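Heads up, the thing below is written out as structure tokens.
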Amino acid sequence: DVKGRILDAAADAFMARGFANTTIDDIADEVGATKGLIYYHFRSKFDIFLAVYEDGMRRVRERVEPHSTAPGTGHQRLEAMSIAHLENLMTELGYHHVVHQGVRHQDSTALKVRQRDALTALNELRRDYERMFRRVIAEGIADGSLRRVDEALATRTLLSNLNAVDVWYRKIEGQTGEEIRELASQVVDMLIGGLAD
Amino acid sequence: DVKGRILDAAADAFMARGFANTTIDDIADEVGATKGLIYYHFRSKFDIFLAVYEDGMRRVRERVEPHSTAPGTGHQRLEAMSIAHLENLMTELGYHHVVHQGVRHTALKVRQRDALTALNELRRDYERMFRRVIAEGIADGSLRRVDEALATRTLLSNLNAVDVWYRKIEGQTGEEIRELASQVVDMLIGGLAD
Amino acid sequence: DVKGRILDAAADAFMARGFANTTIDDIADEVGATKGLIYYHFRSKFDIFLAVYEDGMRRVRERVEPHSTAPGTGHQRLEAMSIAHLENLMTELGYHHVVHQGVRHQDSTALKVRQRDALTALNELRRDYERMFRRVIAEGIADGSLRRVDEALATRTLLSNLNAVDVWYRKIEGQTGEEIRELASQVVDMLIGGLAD
Amino acid sequence: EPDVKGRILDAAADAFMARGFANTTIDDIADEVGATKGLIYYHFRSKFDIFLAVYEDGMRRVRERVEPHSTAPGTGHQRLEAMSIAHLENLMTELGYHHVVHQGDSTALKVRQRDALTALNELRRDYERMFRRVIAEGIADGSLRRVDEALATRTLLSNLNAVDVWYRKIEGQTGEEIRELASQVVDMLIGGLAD
DNA sequence: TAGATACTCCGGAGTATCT
DNA sequence: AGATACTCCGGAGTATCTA
């Protein structure tokens with residue numbers, strides 16, 4: 010809808026300059042409207058952050074979730090989903106770096122009630138996403154395919170691993186689904202397989 | 010002394026809230042004086058950032074550059090390197106969080125854009141050595157033969173983002189830290205499924 | 010049109026007090042609105058200094074350019090050009106001051122990359138305009154009219170010296186065009202002619 | 008041996024020329040001389056003091072090293088041509104000091124110090140008085156042409172001053188070579204273009 | 001859309017006290 | 001005799017609101 014036009018606009022500017030440096034008129038001329046359309050559709054500057062958070066975080070789930078019931082060993086099964094995770098990062102890059110930031114801004118802001126409720130739901134529904142990988146690494150060492158390492162560290166770092174890719178990856182904007190998934194092929198196995206022999 | 014007291018109080022403060030929402034007097038009550046002595050030593054709020062970015066990295070290349078010519082193979086030196094790298098990240102995570110966060114990002121003096129750039133590609137010198145020991149780690153290969161250009165930029169990036177989940181387990185000795193950095197690099201260098 | 014009125018007041022204010030003593034509120038007062046109007050049309054304080062500086066370069070070029078492409082010798086072109094150059098100083102005295110103190114403190118003061126570059130993106134328009142006065146002083150130094158003297162310093166001197174009229178010039182409000190043209194012709198004979206014969 | 012206050016004013020004057028009067032701060036003047044703010048404020052009562060201390064010395068430099076060419080023998084042109092030379096040399100050795108002279116009350120100022128700026132601006136017109144005479148002593152003398160001696164004074168010293176637009180520095184040449192660089196310019200301003 | 005209003009936070013001059 | 005530190009304050013900029 011029209012809201013997504015601002016959501017698409019704010020996302021890229023949110024990576025380039027963060028939250029506070031991103032001013033409301035810094036994203037007003039970018040989409041091509043005065044400050045009213047931002048305030049007609051979004052009651053506050055924090056609301057834009059949450060709506061982008063509430064969209065992109067479902068974007069990730071809706072694109073990885075069906076890879077959890079498909080059959081395979083926990084290395085074969087999880088590699089299948091986590092390839093599609095780097096896929097989602099690279100296609101809708103705007104909605105994927107916003108999920109790194111967050112609680113940093115809740116501290117600095119004197120929060121309204123509605124954002125504090127919406128933030129909380131997103132606060133654990135990311136944790137529930139962590140449960141998926143916390144769930145489907147278990148089958149990795151339950152079907153005997155992964156290094157028998159700590160059940161928490163393997164989860165915490167690998168999601169920390171997968172998301173840190175947006176430090177160097179800028180864009181291609183023309184990268185077909187082949188080069189997207191085939192760049193996603195060598196980066197998951199780089200982390201999954203490691204560097205050892 | 011007095012300056013070093015401010016740099017610490019500024020470093021963790023920049024980590025805790027971010028350069029944008031860390032007011033000058035917000036970092037002045039941690040040291041116990043008024044903004045007067047915070048601005049007396051550093052002419053700008055951006056100059057403090059450059060005084061942390063230049064010590065935080067100077068304190069990380071004093072552990073991991075020593076492990077460039079040492080008793081080890083490709084992995085046995087790279088593991089020794091990445092332990093002492095992720096070591097200081099674990100001890101002074103305040104001084105760490107500025108560098109890789111403060112990359113994508118404003119008004120800037122002539123002596124500041126270059127001074128930030130002359131420090132933002134000194135971080136490329138840190139990256140230069142890690143690609144140098146992955147090539148050394150492939151000729152005398154104890155590690156896999158994947159492409160250099162991207163695998164060099166991943167593991168270092170993978171190992172700077174340890175802080176997103178990493179707490180501060182209070183009471184750590186020198187022994188706790190190096191072992192705490194042990195299983196994470198073996199998580200990361202050795203990887204999984206091996 | 011209001012943006013021009015902001016530039017008109019800004020050029021008046023910027024000339025009289027400078028850049029520093031010119032506060033955002035001052036331009037708002039001389040236009041007749043609050044601080045918000047000034048920021049509704051411009052991203053920053055400096056982003057209007059380019060607007061005054063960029064517009065002022067058009068004004069002279071729109072009215073001084075034909076006199077370089079006109080019949081006559083090197084003397085007959087400078088006089089037709091230099092008079093019209095002073096006809097701009099003596100009419101829009103505000104705009105013409107902005108193109109003096111724009112290069113000096115550029116290093117010593119902060120600017121965004123899209124602003125400091127936009128500064129020197131217009132600072133060629135000074136040199137690309139001084140090119141016209143190097144192109145026609147040229148066609149006199151060897152082609153008859155102008156005294157044989159180095160092409161470079163004669164362009165440094167003349168331009169810096171018919172631009173130094175703002176030191177003493179004071180616009181008598183209620184001015185007429187034929188009065189200003191007469192005063193311009195007076196000074197030029199002082200400048201191109203000299204004092205010898 | 009060295010002079011503390013002189014090192015402050017020489018460093019401050021060039022600071023005023025580059026950044027401006029506002030863009031240079033008090034600690035900015037503490038860096039070029041390599042000192043602390045308290046040294047500035049134990050010697051100078053305020054930052055406006057700095058500006059009247061270089062203005063007072065800019066004149067004593069400008070007014071003194073150019074006066075002996077209004078009394079030197081020669082016509083009104085012979086005086087003026089050599090008079091403008093020692094003025095250009097002066098600007099080109101005292102870039103900060105001379106640029107202050109044409110860098111002049117829109118706010119309430121301290122009376123004791125205000126009463127010196129307006130006076131200092133009266134040694135100002137006192138300087139262009141000599142330019143007023145030698146031009147008038149030359150226009151109908153014959154060495155110069157017929158010109159509005161008011162205009163010929165306004166537009167000439169403002170022109171001889173207009174050099175600091177492009178002249179940065181050399182600091183490799185000396186009096187003999189700086190004589191050449193000023194010579195071509197006064198020959199421009201005095202001689203003209205068309206012949 | 002067009003501005004007005006509130007308000008913060010950065011930086012600088014000036015002053016007070018200590019070195 | 002300067003240094004160090006503090007205090008006061010201006011004003012640029014940005015968020016929210018109101019016509």
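If you read the protein sequences in the order shown, they are chains F, A, T and G.
FYI, in the deposited numbering the residues of the first sequence are 10 to 206.
FYI, in the deposited numbering the residues of the second sequence are 10 to 114, 118 to 206.
FYI, in the deposited numbering the residues of the third sequence are 10 to 206.
FYI, in the deposited numbering the residues of the fourth sequence are 8 to 111, 116 to 206.
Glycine included, every Cβ here is placed at the ideal spot set by N, Cα and C.
Point to revise | Own chain partners of residue 152 of chain T with C-beta closer than 8 Å, once the 5 adjacent residues on each side are dropped | key: Here the question's residue 152 of chain T lines up with position 143 in the third sequence. Counting only residues of its own chain and dropping the five nearest sequence neighbours on each side, residue 152 of chain T has a CB closer than 8 Å to the CB of 82, 83.
**Study point:** Interface partners of residue 205 of chain A on chain F, CB under 7 Å
**Key:** Taking the second sequence and counting its residues from 1, the one referred to as residue 205 of chain A is at position 193. Ordered by position in chain F, the residues that pass the 7 Å Cβ test against residue 205 of chain A are 84, 154, 155, 156, 201, 202.
Exercise for review: For residue 120 of chain T, name the three-state secondary structure that DSSP assigns.
Suggested key: Position 111 of the third sequence, counting from 1, holds the residue named residue 120 of chain T. Three-state DSSP puts residue 120 of chain T in a strand.
Check your understanding: Alpha carbon to alpha carbon, what distance is there between residue 130 of chain G and residue 159 of chain G?
Key -> Along the fourth sequence, one-based indexing puts residue 159 of chain G at 148. Along the fourth sequence, one-based indexing puts residue 130 of chain G at 119. Their backbone Cα atoms lie some 27 Å apart in a straight line.
Review point. Are the C-beta atoms of residue 195 of chain F and some chain A residue less than 8 Å apart?
Key: As a first step, residue 195 of chain F must be located in the first sequence, where it is residue number 186. Yes, residue 195 of chain F lies at the interface with chain A (some Cβ there is under 8 Å from its Cβ).
Review point. What number of angstroms, rounded off, separates the C-alpha of residue 99 of chain A from the C-alpha of residue 29 of chain T?
Key: In the second sequence, the residue the question calls residue 99 of chain A occupies position 90. In the third sequence, the residue the question calls residue 29 of chain T occupies position 20. Spanning the alpha carbons of residue 99 of chain A and residue 29 of chain T requires a straight line of approximately 46 Å.
Point to revise | Terminal residues of the alpha helix (DSSP H) in which residue 144 of chain A lies | key: Your numbering for residue 144 of chain A matches position 132 in the second sequence. Taken as a continuous stretch (DSSP letters only), the alpha helix (DSSP H) holding residue 144 of chain A covers 134-151.
Practice item. Could you check if residue 96 of chain T is buried or exposed, using at least 16 other CB atoms within 10 Å of its CB as the buried criterion? Key: Taking the third sequence and counting its residues from 1, one reaches residue 96 of chain T at position 87. Burial is judged here by how many other beta carbons sit within 10 angstroms of a residue's own beta carbon; residue 96 of chain T has at least 16 and is buried.
Practice item. Identify whether residue 75 of chain T lies in helix, strand or coil by the three-state DSSP scheme. Key: Here the question's residue 75 of chain T lines up with position 66 in the third sequence. DSSP places residue 75 of chain T within a helical segment (H, G or I) once states are collapsed to three.
**Study point:** residue 64 of chain G and residue 16 of chain G closer than 8 Å at C-beta
**Key:** Within the fourth sequence, residue 64 of chain G is the residue found at index 57, counting from 1. Within the fourth sequence, residue 16 of chain G is the residue found at index 9, counting from 1. Taking 8 Å as the cut-off, the Cβ atoms of residue 64 of chain G and residue 16 of chain G count as close.
Practice item. Inspect the CB distances between the region 136-146 of chain F and the region 161-179 of chain F and report whether three or more fall short of 8 Å. Key: As far as the Cβ criterion goes, the region 136-146 of chain F touches the region 161-179 of chain F, which means the pair count is three or higher.
Check your understanding: Of all Cβ atoms in chain T, is any one closer than 8 Å to the Cβ of residue 26 of chain G?
Key -> Position 19 of the fourth sequence, counted from the first residue, corresponds to residue 26 of chain G. In terms of beta-carbon proximity, residue 26 of chain G lines the interface with chain T, with at least one pair separated by less than 8 Å.
**Study point:** Whole-number beta carbon distance between residue 171 of chain F and residue 203 of chain A, since they are thought to touch under 8 Å
**Key:** Within the second sequence, numbered from 1, the residue matching residue 203 of chain A stands at position 191. Within the first sequence, numbered from 1, the residue matching residue 171 of chain F stands at position 162. Contact between residue 203 of chain A and residue 171 of chain F does not hold, since the beta-carbon distance rounds to 13 Å and is not under 8 Å.
Exercise for review: Identify which residue in A/23, A/136, A/146, A/179 has its Cα closest to the Cα of residue 59 of chain A.
Suggested key: Indexing the second sequence from 1 puts residue 59 of chain A at position 50. A check of alpha carbon separations from residue 59 of chain A across A/23, A/136, A/146, A/179 identifies A/23 as the nearest.
Exercise for review: For residue 196 of chain T, collect the residues of the same chain with a Cβ closer than 8 Å to its Cβ; drop the 5 residues on either side in sequence, then sort them by chain order.
Suggested key: As a working note, residue 196 of chain T is residue 187 in the third sequence. Listed in chain order, the non-local C-beta contacts of residue 196 of chain T below 8 Å within the same chain comprise 95, 171, 174, local neighbours out to five positions each way being set aside.
**Study point:** Cβ neighbour criterion (16 or more within 10 Å) applied to residue 186 of chain A
**Key:** If you number the second sequence from 1, residue 186 of chain A lands on position 174. Residue 186 of chain A is exposed by the Cβ-count criterion.
Review point. Using the beta-carbon of each residue, which ones in chain T are nearer than 8 Å to residue 118 of chain A?
Key: In the second sequence, counting from the first residue as 1, residue 118 of chain A sits at position 106. Correct list: 121.
Review point. On the premise that residue 20 of chain T lies in contact with residue 61 of chain T, defined as a C-beta separation below 8 Å, what is that separation, rounded to the nearest angstrom?
Key: For this step, residue 61 of chain T is matched to residue 52 along the third sequence. For this step, residue 20 of chain T is matched to residue 11 along the third sequence. The distance from the Cβ of residue 61 of chain T to that of residue 20 of chain T is about 5 Å, consistent with a contact at the 8 Å cut-off.
Review point. Using a beta-carbon distance below 8 Å, is residue 176 of chain T in contact with chain G?
Key: By 1-based counting over the third sequence, the position of residue 176 of chain T is 167. Proximity of residue 176 of chain T to chain G, defined by a Cβ-Cβ separation below 8 Å, is satisfied.
Practice item. Using beta-carbon positions only, say whether residue 135 of chain A and residue 66 of chain A come within less than 8 Å of one another. Key: To locate residue 135 of chain A, count along the second sequence from 1; it is residue 123. To locate residue 66 of chain A, count along the second sequence from 1; it is residue 57. Yes, the Cβ-Cβ distance between residue 135 of chain A and residue 66 of chain A is below 8 Å.
Review point. So which residues on chain G does residue 106 of chain T lean against when the C-beta distance must stay under 9 Å?
Key: Here residue 106 of chain T refers to the residue found at position 97 of the third sequence. Residues of chain G passing the Cβ test: none, with the nearest at roughly 13 Å.
Check your understanding: Of the residues A/111, A/74, A/128, which one's Cα is nearest the Cα of residue 120 of chain A?
Key -> Within the second sequence, residue 120 of chain A is the residue found at index 108, counting from 1. Of the residues A/111, A/74, A/128, the one whose Cα lies closest to the Cα of residue 120 of chain A is A/128.
Exercise for review: Residues of the region 160-185 of chain A with a CB closer than 8 Å to any CB of chain F: list them in chain order, please.
Suggested key: Within the region 160-185 of chain A, contact with chain F at the beta-carbon level (separation under 8 Å) is assigned to 162, 163, 165, 166, 167, 169, 170, 172, 173, 174, 176, 177.
Review point. Shortest alpha-carbon distance to residue 52 of chain A belongs to which of A/206, A/124, A/190?
Key: Your numbering for residue 52 of chain A matches position 43 in the second sequence. It is A/124 whose Cα lies nearest to the Cα of residue 52 of chain A.
**Study point:** Beta carbon of residue 86 of chain F nearer than 8 Å to that of residue 26 of chain A
**Key:** Residue numbering aside, residue 86 of chain F sits at position 77 when the first sequence is read from its first letter. Residue numbering aside, residue 26 of chain A sits at position 17 when the second sequence is read from its first letter. Not closer than 8 Å, so no.
Check your understanding: Skipping 5 residues on each side, what residues in its chain have a beta carbon closer than 8 Å to that of residue 150 of chain G?
Key -> By 1-based counting over the fourth sequence, the position of residue 150 of chain G is 139. Correct list, in chain order: 83, 156, 157, 158, 160, 163.
Review point. Considering only the beta carbon of each residue, do residue 93 of chain A and residue 108 of chain A sit closer than 8 Å?
Key: As a first step, residue 93 of chain A must be located in the second sequence, where it is residue number 84. As a first step, residue 108 of chain A must be located in the second sequence, where it is residue number 99. Cβ distance not < 8 Å, so residue 93 of chain A and residue 108 of chain A don't count as in contact.
Practice item. Give the DSSP-derived three-state secondary structure of residue 109 of chain F in the structure shown. Key: The residue you call residue 109 of chain F lines up with position 100 of the first sequence. In the structure shown, the three-state DSSP call for residue 109 of chain F is coil.
Review point. Nearest to residue 80 of chain F by CA position, among F/148, F/118, F/177, F/101, is which residue?
Key: For the purposes of this step, residue 80 of chain F is taken as the residue at position 71 of the first sequence. Residue 80 of chain F has its Cα closest to that of F/148, out of F/148, F/118, F/177, F/101.
Review point. What number of angstroms, rounded off, separates the C-alpha of residue 46 of chain A from the C-alpha of residue 38 of chain G?
Key: Locating residue 46 of chain A in the second sequence gives position 37, counting from the first residue. Locating residue 38 of chain G in the fourth sequence gives position 31, counting from the first residue. Going by the C-alpha atoms only, they are around 18 Å apart.
Point to revise | Simplified DSSP assignment, three categories, for residue 86 of chain G | key: In the fourth sequence, residue 86 of chain G corresponds to position 79, counting from 1. Under the three-state reduction of DSSP output, residue 86 of chain G falls in the helix class.
Check your understanding: Who are the Cβ neighbours of residue 106 of chain F in its own chain at under 6 Å, not counting the five residues just before and after it?
Key -> What you label residue 106 of chain F is simply residue 97 of the first sequence in a count that begins at 1. So the list reads 24, 175, once near-sequence residues are dropped.
Check your understanding: From what residue to what residue does the alpha helix (DSSP H) around residue 24 of chain A run?
Key -> The residue labelled residue 24 of chain A in the question sits at position 15 within the second sequence. Taken as a continuous stretch (DSSP letters only), the alpha helix (DSSP H) holding residue 24 of chain A covers 11-26.
Exercise for review: Within 10 angstroms of the Cβ of residue 76 of chain T, are there 16 or more other Cβ atoms? Answer buried if so, exposed if not.
Suggested key: Position 67 of the third sequence, counting from 1, holds the residue named residue 76 of chain T. A residue is called buried once 16 or more other Cβ atoms fall within 10 Å of its Cβ, and residue 76 of chain T is buried on that count.
Check your understanding: Can you name, in chain order, every residue of its own chain whose Cβ lies under 8 Å from the Cβ of residue 146 of chain F, other than the five neighbours on each side?
Key -> Within the first sequence, residue 146 of chain F is the residue found at index 137, counting from 1. Excluding its 5 nearest sequence neighbours in each direction, residue 146 of chain F has C-beta neighbours in its own chain below 8 Å: 83, 87, 155, 160, 163, 164, 167, listed in chain order.
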